[PDB]
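Q: Quick one: the structure is below, questions incoming.
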Amino acid sequence: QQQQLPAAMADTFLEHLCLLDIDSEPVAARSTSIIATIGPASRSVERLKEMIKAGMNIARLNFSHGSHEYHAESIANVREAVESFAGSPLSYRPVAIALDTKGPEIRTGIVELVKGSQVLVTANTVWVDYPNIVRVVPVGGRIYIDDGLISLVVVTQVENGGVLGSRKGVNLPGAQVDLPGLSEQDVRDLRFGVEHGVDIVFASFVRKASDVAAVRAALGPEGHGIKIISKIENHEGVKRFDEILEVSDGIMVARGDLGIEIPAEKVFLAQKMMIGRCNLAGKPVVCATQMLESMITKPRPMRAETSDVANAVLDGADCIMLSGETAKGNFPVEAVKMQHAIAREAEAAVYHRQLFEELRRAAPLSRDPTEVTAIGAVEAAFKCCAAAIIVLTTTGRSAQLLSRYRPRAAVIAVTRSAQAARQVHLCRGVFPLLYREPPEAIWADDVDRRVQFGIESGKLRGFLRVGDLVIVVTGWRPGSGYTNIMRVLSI
Amino acid sequence: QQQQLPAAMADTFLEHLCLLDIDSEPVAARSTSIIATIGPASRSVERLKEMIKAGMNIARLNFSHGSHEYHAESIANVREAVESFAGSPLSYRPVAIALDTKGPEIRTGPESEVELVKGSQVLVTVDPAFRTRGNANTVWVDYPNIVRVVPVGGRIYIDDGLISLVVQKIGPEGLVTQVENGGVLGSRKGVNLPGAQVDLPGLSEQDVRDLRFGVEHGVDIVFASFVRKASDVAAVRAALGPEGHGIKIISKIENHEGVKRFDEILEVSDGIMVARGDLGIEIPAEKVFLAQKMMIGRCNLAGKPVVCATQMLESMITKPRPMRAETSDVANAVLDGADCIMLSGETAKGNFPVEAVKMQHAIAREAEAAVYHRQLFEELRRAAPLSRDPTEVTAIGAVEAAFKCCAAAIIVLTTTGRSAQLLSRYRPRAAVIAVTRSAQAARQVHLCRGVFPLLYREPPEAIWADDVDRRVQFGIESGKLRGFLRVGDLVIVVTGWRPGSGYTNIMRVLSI
Amino acid sequence: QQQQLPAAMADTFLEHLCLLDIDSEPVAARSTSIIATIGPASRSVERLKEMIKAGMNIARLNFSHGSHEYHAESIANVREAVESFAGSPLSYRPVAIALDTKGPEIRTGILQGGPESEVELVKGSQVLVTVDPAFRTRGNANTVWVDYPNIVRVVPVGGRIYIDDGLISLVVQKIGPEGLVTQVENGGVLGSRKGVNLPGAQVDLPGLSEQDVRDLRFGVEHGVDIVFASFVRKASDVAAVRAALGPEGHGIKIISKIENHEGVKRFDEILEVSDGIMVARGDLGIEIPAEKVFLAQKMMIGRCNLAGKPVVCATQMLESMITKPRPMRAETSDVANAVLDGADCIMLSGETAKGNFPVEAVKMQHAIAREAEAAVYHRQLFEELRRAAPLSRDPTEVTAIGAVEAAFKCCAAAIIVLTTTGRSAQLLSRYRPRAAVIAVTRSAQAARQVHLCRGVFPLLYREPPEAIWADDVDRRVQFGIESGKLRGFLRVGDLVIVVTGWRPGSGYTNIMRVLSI
Amino acid sequence: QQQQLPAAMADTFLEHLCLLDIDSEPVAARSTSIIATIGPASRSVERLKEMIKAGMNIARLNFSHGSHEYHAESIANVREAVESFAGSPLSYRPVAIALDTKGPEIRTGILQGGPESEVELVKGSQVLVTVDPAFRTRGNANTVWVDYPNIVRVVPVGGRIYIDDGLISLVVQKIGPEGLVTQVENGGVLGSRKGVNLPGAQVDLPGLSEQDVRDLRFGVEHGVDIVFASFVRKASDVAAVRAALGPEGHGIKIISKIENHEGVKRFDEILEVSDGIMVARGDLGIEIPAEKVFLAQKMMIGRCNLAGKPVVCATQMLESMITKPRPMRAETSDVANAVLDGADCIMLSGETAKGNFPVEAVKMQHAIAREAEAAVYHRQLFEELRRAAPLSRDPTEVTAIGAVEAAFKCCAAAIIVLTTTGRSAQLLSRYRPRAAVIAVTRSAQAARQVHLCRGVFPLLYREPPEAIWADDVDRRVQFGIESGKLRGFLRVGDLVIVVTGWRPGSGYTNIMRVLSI
Ligand SMILES: [K+]
Ligand SMILES: [K+]
Ligand SMILES: [K+]
Ligand SMILES: [K+]
Ligand SMILES: [Mn+2]
Ligand SMILES: [Mn+2]
Ligand SMILES: [Mn+2]
Ligand SMILES: [Mn+2]
């Protein structure tokens, strides 16, 4: 068959593994959304169009670099490239915009560190943007610079040498960095965020629930809608994951920083744990950093990078991301393309049998009519190999709860809320459709055309063929919060 | 707790995932054996000693390069470094030596980097006269029939698939092409022709000479390149000759056809190497993982070693720290079920050979503790067919007994490793300490996850019963000495009712 | 908690067993329907009213005894008792009426001098079974006449013949030119015209006599709801019954009774064609060794369950009560295990037709069934059904399963379905929701037949259809709730799943909604 | 295949149920041991021989009746019948002897010059419950004398008294000064000296009268092997029994009978202290509502299974056979479900002590148990036990589980264990191998007590020890095999798991070996 159906029907995971078939072509829209970081290499309107076709879902603005004006152009160009296919509402692909916070980053200033040499922190001199650095490093203490390559030992002795450039990483383990999760800058940044209507915030170095309360606050009332994604970048964040989660809209497994703050051998446990948990919680999780680095420079990924992406997806990740691969490398589109291609395969390899079982089995009872509908809708879909679940949603919550259970059928989410449509990419397998029509006199009719719109757009992009069954999820009255109906229709 | 015990006790895989704890230190010998490739960077006796300390179990000799003499030194140095710790039998680590076959390779026609422009014109000559005359527009190539198999609109890849050539004028003197993916070309690099039915045989006159060399110098294992079908290994066994029935044959799966005929290849090989390198060119990059996952699954089910290889840690050929992906690569290989993981450029030529070995060690230990044994043992028991081989019966009893008392180890007496191999099939968490008189057996056993071989030197006792006991005692002692076993641990001990192989049938529970 | 909820939440069956709590009161309409057999003891209209209150869902007419007239009173009385509560539509309980076919009886003769006389067959004495037409009547201490000619042809030298409800037994020691020269194995008192069973040996006699045919016609005439068809041995045997049933009776459900080795052996093919199965332990417990029935019973139920077709457990579930006011320790467990096995219906024969404790017996089955119903490890059971029922593209099935899943998620008190033939109700019950299936229908007959499905509670809707189809649907749902409140299936604050369709007429169920009371 | 092997290999319980095959003959010694109660009908040496052949493993002496002398003959005859086959050590079957305590019972009194005579407590009539010593012998239709002085002090107005298997029932409505004036609720034939129970009212009677104590001592003198201890309500109740038992009886196994609500409620604590459990359905089925026993039965068995301790299912499993040669459909399923529930032993009371079919009864349990034994879904059951039994560091337990795993892998015919107290055998059986546990011991007593464990088949070894310990072990193993061939547990070509220890004397089992026959 296709979509690894023989593997999907195995009675055990081992069996399932044993039936994975390289000639079994994927046959299903990829559901893992791709976040690409905007930079010199991917800023041009025209470059942006190409990245949208290759499958970019979310543009990441990295406030670790660039100016306010510099990023507004970034935002402006994304919006232009995106509005260039508004030609055709059935085909039009929304693209989220995510501000990625600078936070307690410690960086160098504007030569080779000789292992053994005496090297000061205020070839041998390193200026740091953290003045309190000399309040938090005791004697016999370690300081890591530029992606953990350069090691220093506090006056400091170099323990690991390395080539150093301008303005690069600083990480201080062991010591608890009183440096605040939110500088005066971050605050200004987040305000910029609200002004330009970013959709998502990726919040650097979150160490505790307060850290997000901070962000929400700074975000202001003009930004209740914005989703907040807490980036876990160090030992403490990991340790207090639960609490962070409870309060964040979802998580970013920030492997970069993390891979320095804690020993490299351990990330995978962190990554696997965190995704597991977000999955259980029903909240977006992003896997990030270095998934495809070699491509910053080469047109083909290395054998490890490939398996990285697949394992991220198999792990359970809602989104996968690219940094240098898209912001600066010589192969931005090719990189997007590859994640697309890999994600589809891994998506078809997911052992839904075990996965759906386990989620049902661990999600607690519930009395929210929306949740009740979702799970029934998901069960119904599996029973008839439905091609899609089509939901009418006003904030995405309804789409989000369906995706929680990981249907194999696509969630086609129909909404009037441009913003909701953009944010919904954070949820695996949700395909948003932006509805433009003015409401019908009769509420019932207005529902129908929305469902119809959903099918139609559905046919058009190849999610649905004549003869397929589709599950349709609606509510008993207008306005959000009342999803409570599930119907089975044939195309 | 430690060794991710809270995760180990979960009722589900999801739950298990959720309980994975970064502060839970591993606390167990690493089981996944490491194969390190020998090159300029790792040939010095003293380098070799260091690599043994950091955890090298198996040395790969790559017959794609170097001369017979060149490899005999390789072998001679390994053996030396290894015999340097025979000072103390309790501590001594054997090391396998693996000959890796050249096979139907195709290579380009020295510190010289011709750049093959994007959207230019390339000629592939196979003409003696141009056996080196390979500039901006010319590449020679040691496979004549390249001109014969590659049709117009066919693909020709060069050097790890990074360079791309589409044929578009098949004419009198050779292959006129166009450069799709351009790039920097080097002296003598791999060539791949997907879609083409490269008529070259799995076993050249060279491979045959190579394998004979293998037998003469007593290599322990053959990694057999480009195996496409059962016959291909029959070839190898043949060439290997009678002086080499003992040698383990590991088929490398390097292309679409091998994958397609995996079952038949497996049934005949002693194990499998998932050759991601070539495989990552022959089939689309997006797909390897399915292959890798499938083949490991299958070898697991079958009970036969499987190797994950190539590009697990490349960035380290050049940098002292792995990239985020390479790390998870290694973990997932082990989590996938791999018996061995390997290193190529990372050890043969890179600037960080030992650091590389160290890392794999460090990662493998964590992933080893992350293995959901509850689901895994259940599924193996449940798919392995009944059996009437007393050795298999004992093994599974022994593996069950071990889980029941969190035994620190199973100690087996073995003459060919078969008994150890059957214990590891089931993936005990306890270590398999394998005591043998067969130097070779002790080497080959590294191909089995979680088997720790001990080479017994003493002359046999007058009383066979006594001779067994000392062997067991020898097992314990060495065991205490390397920190596999502490006083108060329980240990499962597996022996047989009479001397000579094939009669393992007894399992005993002892306290240290 | 109640309804053995702690046991319901266990992670394994063993665990589950361990958390069974005797102080955890059931709290849920019993789902296992009860079939009570009508005889002298339970024929009076007033007796029938009492049995309806105690929980009778199905009345069995046994055509092995009584005349056409005799059964028409039977039917007339039932209907009368039942129509006596039509006073209140919210409360009204329909009752099925099931004809139980006679089929290939094999009978001894009239007894020397009497239809009322008895003879005693002493253990170890010399005994003659003849097929000699003359002694059809002259039977005694050493002789029994049988109305199956071929007997002196089908029983080997050393075979066994079971007489009178399996209580007398004979071993053929010599084959005779006039009758099988046997030895008495099990002694006993022998009556006029009693039953024979012949295990091992094949019996060719037809599954449908001239009588059965007349009976089934009588069936159609009086509008029975269900036929329990005795000795079904093969698919043809039901085709026979359908046929005989005639066109005036396509509606009738046909329940094949498996009463011997061969039926068991051909169970699959019988099932494929029957509307469900009756595990006939009586005959069965004689045609095949007594040790074995359980495997049969357990097999058949498993299989029906898998198949989504009603299965009845029957015979001797409570016999001591034909005579005593309390069941023995075994009978009790029998009932529970039947329910636990997966049974859709459980039945009573002597216990209701003739015994001194008809109502008490019905009461007991009620009481036990409720307890077992709560002990069902739904967690494993729903998992296993989902996992083995094949994909499906019937919108009704799809809706059913989603409806069932939705219910578990909010401990819904009920699923309320609108159904025209019961199909939609039947599919929900297939999956064994713990919530009740309140089925609303205009088809008096459908409401009766639906009791064959575990946990389906039928409501007969009487109102003339509304001008607006949508409105008519709503009142039906409302009617479902209201009746639901009224009998204690639903309280204010409960959640309820409602299952309807997108247009009138059967076959189009395809909508599931979540409502709060 | 046989032994329901296709069912055994199913992937789910549903599936397993579906594949149960009535033509799949069992092929395996039956494992569930049978306890038969000794009475008039089963006391004769010769009768006892027959009962041994039919499969009796444990003789129950019921100290609720008979005298010390009367029971010593009981014992003396059992031992005789049993020693009659010592002719051949390979085939010799040991037989446990179990003393069943009287405890806090409460009987009505003897009847008006009537021994085997009866009287009817008419429904609705006027009945007086006395304690007047003078009325002890004057039982009648209007008067019932009870041996419980304090009855008058505990049964308040509108309190309930029930007599003889709970069939007779009395409503106290009047407190007089010489007795309790009761209304009869459930009328009926009353006999002499029949049981009384008092639900709702706590009974200040002690678990151990001066009699019980004398009884227990008698027990130790005559070397009974097991004590079934009536009405155990709490841990203390067993401490009592142990105590009374004295030091001359540390070896005796104590089986606590759970006979009422409180025992149930405090099961855990009773278990922790008893050697095993008897689910006393009789009393229990009166103390608590009949609908609930099954939960209790199922709970207790589950829990003893989890604990590793014998559990007995008892009372009324086969009553109809006290009087008839064939069991009713429920009794049969009762036995099978008891076995499928997880019971280690099943028992017969009236069926063997007094009825007209003692041996036939034993035979039937045998026959049923074999079938149910092969129906056990080992796949789920062994998984669940591994998964719930806690880690352990006892080398004996470790070896047992390995041995049990090994056996499953090769469909071993048997695990053969050398055991001194049976503890090694008991641990193997805990995991419920499908292979038989052939237990070889020199301890006649151990060999007798081991029947309390499912699927343990004890062999008594008679030879004087060999000079060389190693050789002595081997002959014991050899003895095991040989005896095993001889009774059909093992055939040439089978695999057998053999479990031994590293040194003599109990407590050191720690070795497992795989041998081919
Ligand atoms: K940042
Ligand atoms: K090679
Ligand atoms: K009949
Ligand atoms: K007693
Ligand atoms: Mn960061
Ligand atoms: Mn290769
Ligand atoms: Mn019948
Ligand atoms: Mn009692």
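Going through the structure tokens in order, the chains are called A, B, and so on, while each chain numbers its residues from 1 and the ligands are numbered from 1 in the order shown.
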Least-squares fit chain D onto chain C by Cα, in order, and just send back the RMSD.
A: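 C-alpha RMSD after optimal superposition stands at 1.1 Å.
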Q: Between chain C and chain A, at 6 Å or less, what are the per-residue closest atom pairs and their distances in Å? Count only C-alpha atoms, order by chain and rising residue number, and return it as JSON lines.
A:
```
{"residue": "C:391", "atom": "CA", "partner": "A:383", "partner_atom": "CA", "distance": 5.2}
{"residue": "C:392", "atom": "CA", "partner": "A:384", "partner_atom": "CA", "distance": 5.1}
{"residue": "C:393", "atom": "CA", "partner": "A:384", "partner_atom": "CA", "distance": 5.1}
{"residue": "C:398", "atom": "CA", "partner": "A:380", "partner_atom": "CA", "distance": 5.3}
{"residue": "C:402", "atom": "CA", "partner": "A:376", "partner_atom": "CA", "distance": 4.2}
{"residue": "C:405", "atom": "CA", "partner": "A:376", "partner_atom": "CA", "distance": 5.5}
{"residue": "C:406", "atom": "CA", "partner": "A:376", "partner_atom": "CA", "distance": 4.9}
{"residue": "C:409", "atom": "CA", "partner": "A:365", "partner_atom": "CA", "distance": 5.4}
{"residue": "C:410", "atom": "CA", "partner": "A:367", "partner_atom": "CA", "distance": 5.3}
{"residue": "C:510", "atom": "CA", "partner": "A:488", "partner_atom": "CA", "distance": 5.4}
{"residue": "C:511", "atom": "CA", "partner": "A:487", "partner_atom": "CA", "distance": 4.5}
{"residue": "C:512", "atom": "CA", "partner": "A:486", "partner_atom": "CA", "distance": 5.4}
{"residue": "C:513", "atom": "CA", "partner": "A:485", "partner_atom": "CA", "distance": 4.6}
{"residue": "C:514", "atom": "CA", "partner": "A:484", "partner_atom": "CA", "distance": 5.5}
```
Q: Would you save the residues from that selection as a PDB file, in the first residue's frame, using N, CA and C atoms?
A:
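out.pdb, freshly written:
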```pdb
ATOM      1  N   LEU C 391     -12.385  -1.516   9.604  1.00  0.00           N
ATOM      2  CA  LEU C 391     -12.728  -0.208   9.141  1.00  0.00           C
ATOM      3  C   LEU C 391     -14.104  -0.232   8.567  1.00  0.00           C
ATOM      4  N   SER C 392     -14.674   0.917   8.294  1.00  0.00           N
ATOM      5  CA  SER C 392     -16.026   0.920   7.800  1.00  0.00           C
ATOM      6  C   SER C 392     -16.345   2.232   7.210  1.00  0.00           C
ATOM      7  N   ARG C 393     -17.302   2.247   6.314  1.00  0.00           N
ATOM      8  CA  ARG C 393     -17.532   3.422   5.552  1.00  0.00           C
ATOM      9  C   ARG C 393     -19.006   3.736   5.620  1.00  0.00           C
ATOM     10  N   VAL C 398     -19.872   4.761  11.605  1.00  0.00           N
ATOM     11  CA  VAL C 398     -18.877   5.781  11.966  1.00  0.00           C
ATOM     12  C   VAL C 398     -19.435   6.630  13.089  1.00  0.00           C
ATOM     13  N   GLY C 402     -18.077   7.089  17.173  1.00  0.00           N
ATOM     14  CA  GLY C 402     -17.690   8.382  17.694  1.00  0.00           C
ATOM     15  C   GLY C 402     -18.597   8.728  18.856  1.00  0.00           C
ATOM     16  N   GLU C 405     -17.431   6.878  21.796  1.00  0.00           N
ATOM     17  CA  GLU C 405     -16.198   7.364  22.369  1.00  0.00           C
ATOM     18  C   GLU C 405     -16.536   8.605  23.168  1.00  0.00           C
ATOM     19  N   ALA C 406     -17.313   9.509  22.570  1.00  0.00           N
ATOM     20  CA  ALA C 406     -17.714  10.772  23.203  1.00  0.00           C
ATOM     21  C   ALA C 406     -18.353  10.567  24.574  1.00  0.00           C
ATOM     22  N   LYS C 409     -16.032   9.778  27.345  1.00  0.00           N
ATOM     23  CA  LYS C 409     -15.145  10.861  27.727  1.00  0.00           C
ATOM     24  C   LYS C 409     -15.761  11.721  28.813  1.00  0.00           C
ATOM     25  N   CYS C 410     -17.086  11.834  28.828  1.00  0.00           N
ATOM     26  CA  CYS C 410     -17.718  12.716  29.817  1.00  0.00           C
ATOM     27  C   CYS C 410     -18.625  11.935  30.765  1.00  0.00           C
ATOM     28  N   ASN C 510     -26.166   9.964  10.758  1.00  0.00           N
ATOM     29  CA  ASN C 510     -24.839  10.519  10.506  1.00  0.00           C
ATOM     30  C   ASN C 510     -24.429  11.737  11.331  1.00  0.00           C
ATOM     31  N   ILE C 511     -25.120  12.005  12.435  1.00  0.00           N
ATOM     32  CA  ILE C 511     -24.874  13.190  13.266  1.00  0.00           C
ATOM     33  C   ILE C 511     -24.816  12.810  14.740  1.00  0.00           C
ATOM     34  N   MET C 512     -23.897  13.446  15.466  1.00  0.00           N
ATOM     35  CA  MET C 512     -23.705  13.205  16.900  1.00  0.00           C
ATOM     36  C   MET C 512     -23.515  14.528  17.592  1.00  0.00           C
ATOM     37  N   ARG C 513     -24.252  14.780  18.663  1.00  0.00           N
ATOM     38  CA  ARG C 513     -24.218  16.085  19.340  1.00  0.00           C
ATOM     39  C   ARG C 513     -24.088  15.872  20.811  1.00  0.00           C
ATOM     40  N   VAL C 514     -23.487  16.849  21.466  1.00  0.00           N
ATOM     41  CA  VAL C 514     -23.311  16.783  22.914  1.00  0.00           C
ATOM     42  C   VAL C 514     -24.208  17.816  23.600  1.00  0.00           C
TER      43      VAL C 514
END
```
Q: Can you work out which one of D:151, D:313, D:75, D:227 has the shortest atom-to-atom distance to chain C, counting only C-alpha atoms?
A: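 Of the candidates, the smallest distance to chain C is held by D:313.
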Q: With a cut-off of 12 Å, could you pull out the residues of chain B touching chain C and give me the nearest pair of atoms for each, distance in Å to one decimal, using only C-alpha atoms, ordered by chain and ascending number, as JSON lines?
A:
```
{"residue": "B:10", "atom": "CA", "partner": "C:11", "partner_atom": "CA", "distance": 11.7}
{"residue": "B:11", "atom": "CA", "partner": "C:11", "partner_atom": "CA", "distance": 8.5}
{"residue": "B:12", "atom": "CA", "partner": "C:11", "partner_atom": "CA", "distance": 10.7}
```
Q: Emit the selected residues as a PDB file, in the first residue's frame, including C-alpha atoms.
A:
```
ATOM      1  CA  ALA B  10       6.147   3.636  33.145  1.00  0.00           C
ATOM      2  CA  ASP B  11       2.991   1.969  31.954  1.00  0.00           C
ATOM      3  CA  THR B  12       3.222   3.389  28.469  1.00  0.00           C
TER       4      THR B  12
END
```
Q: Give the residues close to ligand 1, within 6 Å, counting only C-alpha atoms and all ligand atoms; write them as a list in words.
A: residues 62, 63, 64, 100, 101, 102 and 204 of chain A
Q: Report as a PyMOL selection string: the residues of region 34-107 of chain C with a DSSP assignment of alpha helix (DSSP H), based on the backbone of this structure.
A: chain C and resi 45-53+68-83
Q: Report as a PyMOL selection string the set of chain C residues whose atoms approach chain D to within 7 Å, with distances computed over only C-alpha atoms.
A: chain C and resi 14+17-22+281+291-292+294-296+298-300+302-303+316-317+326+328-334+367-368+384
Q: Find the residues of chain A in contact range of chain B, meaning any atom within 8 Å when counting only C-alpha atoms, and list them as a PyMOL selection string.
A: chain A and resi 12-15+17-22+149+255-256+259+264-270+272-274+276-277+280+289-292+298-308+310-311+338+341-342+345+349+355+358-359
Q: Please identify every polymer residue within 8 Å of ligand 7, using only C-alpha atoms and all ligand atoms, and present the set as a PDB file with N, CA and C atoms, in the first residue's frame.
A:
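Done, and the output landed in selection-v8.pdb:
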```
ATOM      1  N   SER C 230     -34.975 -23.941  16.834  1.00  0.00           N
ATOM      2  CA  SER C 230     -34.348 -25.168  17.351  1.00  0.00           C
ATOM      3  C   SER C 230     -33.527 -25.987  16.392  1.00  0.00           C
ATOM      4  N   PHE C 231     -32.576 -26.665  16.975  1.00  0.00           N
ATOM      5  CA  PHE C 231     -31.593 -27.475  16.270  1.00  0.00           C
ATOM      6  C   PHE C 231     -30.929 -26.979  14.966  1.00  0.00           C
ATOM      7  N   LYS C 257     -30.846 -21.391  17.338  1.00  0.00           N
ATOM      8  CA  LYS C 257     -30.435 -22.066  18.574  1.00  0.00           C
ATOM      9  C   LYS C 257     -29.420 -23.134  18.253  1.00  0.00           C
ATOM     10  N   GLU C 259     -27.883 -26.317  19.194  1.00  0.00           N
ATOM     11  CA  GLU C 259     -28.159 -27.335  20.198  1.00  0.00           C
ATOM     12  C   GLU C 259     -27.344 -28.616  20.092  1.00  0.00           C
ATOM     13  N   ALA C 280     -28.056 -22.836  23.285  1.00  0.00           N
ATOM     14  CA  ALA C 280     -29.006 -23.819  23.845  1.00  0.00           C
ATOM     15  C   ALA C 280     -28.357 -24.840  24.814  1.00  0.00           C
ATOM     16  N   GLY C 282     -29.180 -26.737  27.042  1.00  0.00           N
ATOM     17  CA  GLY C 282     -29.949 -27.946  27.420  1.00  0.00           C
ATOM     18  C   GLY C 282     -29.539 -29.119  26.563  1.00  0.00           C
ATOM     19  N   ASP C 283     -30.114 -29.164  25.349  1.00  0.00           N
ATOM     20  CA  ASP C 283     -29.712 -30.122  24.321  1.00  0.00           C
ATOM     21  C   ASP C 283     -28.185 -30.182  24.191  1.00  0.00           C
ATOM     22  N   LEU C 284     -27.592 -29.017  24.042  1.00  0.00           N
ATOM     23  CA  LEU C 284     -26.164 -28.961  23.882  1.00  0.00           C
ATOM     24  C   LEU C 284     -25.444 -29.795  24.953  1.00  0.00           C
TER      25      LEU C 284
END
```
Q: I'd like the neighbourhood of region 3-5 of chain B as an MDAnalysis selection string, where a residue qualifies if any of its atoms comes within 6 Å (using only C-alpha atoms), though same-chain residues fewer than 5 positions away should be ignored.
A: chainID B and resid 24 26:27 369
Q: Rank nothing, just name the residue among A:178, A:437, A:147, A:189 nearest to ligand 5, using only C-alpha atoms and all ligand atoms.
A: A:147
Q: Measuring between only C-alpha atoms, which one of B:410, B:501, B:431, B:443 shows the shortest distance to residue 58 (chain B)?
A: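 Once distances to residue 58 (chain B) are computed over only C-alpha atoms, the minimum belongs to B:443.
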Q: Neighbours of ligand 5 within 8 Å, counting only C-alpha atoms and all ligand atoms, as an MDAnalysis selection string?
A: chainID A and resid 105 204:205 231 233 254:258
Q: Can you list, as an MDAnalysis selection string, every protein, DNA or RNA residue that comes within 12 Å of residue 451 (chain C) when you count only C-alpha atoms, leaving out same-chain residues fewer than 5 positions away?
A: chainID C and resid 30:35 55:59 93:98 225:226 253 309:312 344:346 422 425:426 429 437:439 445:446 456:459
Q: Within 7 Å of ligand 2, counting only C-alpha atoms and all ligand atoms, which protein or nucleic acid residues do you find, written as a ChimeraX atom specification?
A: /B:62-64,100-102,225
Q: At a cut-off of 12 Å, using only C-alpha atoms, what residues contact residue 88 (chain B)? Leave out same-chain residues fewer than 2 positions from it and give the result as an MDAnalysis selection string.
A: chainID B and resid 82:86 90:93 454:457 477:478 481:482
Q: Ligand 3: which residues are within 10 Å, counting only C-alpha atoms and all ligand atoms, as a list in words?
A: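 Residues lying within 10 Å of ligand 3: residues 61, 62, 63, 64, 65, 99, 100, 101, 102, 103, 104, 105, 228, 229, 230, 231, 257, 280 and 283 of chain C.
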Q: Would you name the residues within 6 Å of ligand 6, counting only C-alpha atoms and all ligand atoms, and put them as a PyMOL selection string?
A: chain B and resi 254+275+277-278
